[PDB]
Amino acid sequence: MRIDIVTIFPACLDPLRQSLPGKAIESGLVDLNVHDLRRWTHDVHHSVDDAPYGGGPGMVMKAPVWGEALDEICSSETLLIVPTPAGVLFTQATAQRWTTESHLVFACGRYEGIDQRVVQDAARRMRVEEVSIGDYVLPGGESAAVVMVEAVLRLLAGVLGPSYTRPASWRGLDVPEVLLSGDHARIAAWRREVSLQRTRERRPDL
């Protein structure tokens, strides 16, 4: 897999050089490249942003700068991912689906986001997805791209209820007898039962 991440904060993708993703890279499973968007700017101030039409707070990332970056980095086989709290929700199904991709490009937004025409123009050449990692607002798309890449790379590396360990009794808290029993059938049943109960309490949406 080839991954390209475009951002005005390259340092924020440094976790992808560590642990599982860093191991996936050095082992040649993935080619990861992080690009500073300012390298596609030409003005004296190397600016990636401008005032929004119709007003609003903050600034908008300019379509001409993004368009020039994506024209260079993307092909017709690329799956362009635009993190946004207005996108479809990223789930484990999405992470599994992205393992079948040859080229992922992440266009990380800052400020109020990226001029909408970047997505519409990209869609003329390649496949584009606006994706949210959850119902919260982040200052930028970088932490979202780390989350998405780690979820995909975990699956790629693997392809290519409560947990307990010793001691049996700690601070007056004992490991449930079922786990000490060595009876796989009883253990599987209990784990399913506790997971169902926890799901009912915390995640009835599931």
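Numbering starts at 1 and runs along the sequence shown.
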### Length class of the unmodelled deposited segment, which would lie between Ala168 and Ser169
none
## Note on the structure
Going by the entry, of stretches 108 to 116 and 95 to 103 the one with greater average Cα B-factor is 108 to 116
### Query
138 to 146 versus 58 to 66: which one carries the higher mean Cα B factor per the record?
58 to 66
### Query
Against its chain's modelled residues, does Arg38's Cα B factor rank lowest, middle or highest third?
lowest
### Query
Ranked by Cα temperature factor within the chain, is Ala11 in the lowest third, the middle third or the highest third?
middle
